[PDB]
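Given next, in structure tokens, is a single chain: the form deposited in one PDB entry.
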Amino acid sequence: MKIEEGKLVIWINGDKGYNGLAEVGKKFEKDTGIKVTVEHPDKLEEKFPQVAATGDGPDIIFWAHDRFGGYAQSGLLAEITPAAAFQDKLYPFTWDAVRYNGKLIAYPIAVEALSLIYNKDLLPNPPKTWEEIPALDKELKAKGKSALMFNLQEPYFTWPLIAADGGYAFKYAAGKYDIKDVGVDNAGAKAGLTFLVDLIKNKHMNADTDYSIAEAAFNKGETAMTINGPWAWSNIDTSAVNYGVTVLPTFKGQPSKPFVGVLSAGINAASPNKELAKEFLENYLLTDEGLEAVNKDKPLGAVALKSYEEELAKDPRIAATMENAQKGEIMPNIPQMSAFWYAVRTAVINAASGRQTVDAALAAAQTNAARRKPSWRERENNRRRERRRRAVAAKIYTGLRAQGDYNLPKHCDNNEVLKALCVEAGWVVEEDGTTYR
């Protein structure tokens, strides 16, 4: 797909209220006559950087703020130019989440933080620590239930426990994130991941559990607790589960530290509709009625627009969400964040599966998250150097075959021509390559 003048195409993740956002698009079409299409393709955060480099992709992309720094360093996003008057309608810290190299590269929409979600009837008084979790699962499995199930395939859901005792992604120091100071391999992170693996070894959780499995189970009533964000509440509401949203348990006495995400809307640098996209975002979506319609579909969390957030903050689920947020940290938006997420994802999955030890899986994730990504030019330099090396050899052997008269078979490899060269120069070469004068 390419962005066409006169229409808007939006990409938002499949767990967000895309139907609600589509309704906001219809009003935009009614007031101004521009068609708005909302789509939720899988792996949209990976698809966008691929297509958008060529000028393809949607007009607007929705994702947590951590992915956008990479998008901006690749020149995939337009610079956001809201008047000062409009910026003041959004909390300053949400603008910070979409600031990169001094510039605003997206519109903040809502603040997202994981929370503990528990079945009140199946578990009154939910656990306050992670350590009492195996004990609470013994009693529950008695009733044929499980204690806790959440997504183990995306490190987002495990990071709160890894960060509890001291794990961290990139150390902040002197006003910037140090991309060489990674904390996925320290004692705190090892302790968090070990306690997770010990739950699986001791059968209190299964390592194959993904988002849908963990969802299905809590909404059906087969587990007392789950870990999820505000988007998941709407589906629980329609189930026959009486649930609450509370602080995440402590680990080794310390609070769980979820990585906080700001759902943000970036404008594709190739869109011929930047003014329309800005009009749609500033004066339709980021309004009380715009966010409400999306919010009614799947809760957004703590929205960035002050006016509608003072209404949503009355909700005790949002207060809990922000209680967990306060204990965590805003995600960095630097380009290396995708490299940190890939490394930790591989680590958690390998350790959860027994394919690697915790110490080994995290040591590799530390090296991967810190790994210097070579530039296109460096890649090109390397490619050209090996191209030159082969061609020089090819010419040497091309010439050695033409003028050599080396008593060679009709077809044979360079290794044989080299052998014949060796004997002409006064060497003997065994079959295995051992060579001496």
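Start at 1 with the first residue shown and count on from there.
Absent from the display: the form deposited in another entry. The rest refers to it.
The two rigid parts rotate relative to each other between the shown form and the other one, and of 35, 315, 355, 154 only 315 lies at the hinge. A decrease of at least 3 Å in the separation of the C-alpha atoms of residue 89 and residue 322 is found in the other form, compared with the displayed form.
In summary, the C-alpha positions of residue 16 and residue 149 diverge in the other form, ending up at least 3 angstroms farther from each other than in this conformation.
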